[PDB]
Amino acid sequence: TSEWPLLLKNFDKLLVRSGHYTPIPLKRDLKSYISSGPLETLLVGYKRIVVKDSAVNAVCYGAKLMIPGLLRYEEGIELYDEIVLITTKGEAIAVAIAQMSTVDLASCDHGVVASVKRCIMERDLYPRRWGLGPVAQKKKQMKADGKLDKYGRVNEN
């Protein structure tokens, strides 16, 4: 009664056939049983909003999508519509609720575009990147050169 997997809740609402009764070991994670086929067709029904790469990660963390993060939007998006947020690569980020209509998406210079209903993409697929050299490797090169202090640490100046 109390414990049931997500898709097995409201178990009473499930009807049996007349005749023999075969009573209802643990399931796996969706990511573990999911096919490697073209499953993105399951989201083709939803209207789309293309998110700027700089805003992708925030959406994976469940954060609201703001005007600076919007790149492209579909016609006919009405307030509160269930939509899909996609990258420029065509990856599905999340299923979201439209927080402004297509007319506002065209005009507004600020505000909430959409709020996340269900995250689809892993966190840190589009992480914050450092344009210059990796810091840990820079410290190793400094140990090799003797450019570090007596305590073996990077000093100020």
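Sequential numbering from 1, following the sequence displayed.
- Gap check for residue 136 to residue 137: zero deposited residues are absent from the model.
- Mean CA B-factor, 94-102 versus 128-136: the higher value falls on 128-136.
- Per the PDB record, of the two stretches 27-35 and 115-123, 27-35 carries the greater mean B-factor over its C-alpha atoms.
- The residue among 88, 54, 107, 41 whose C-alpha atom has the highest B-factor in the PDB entry is 107.
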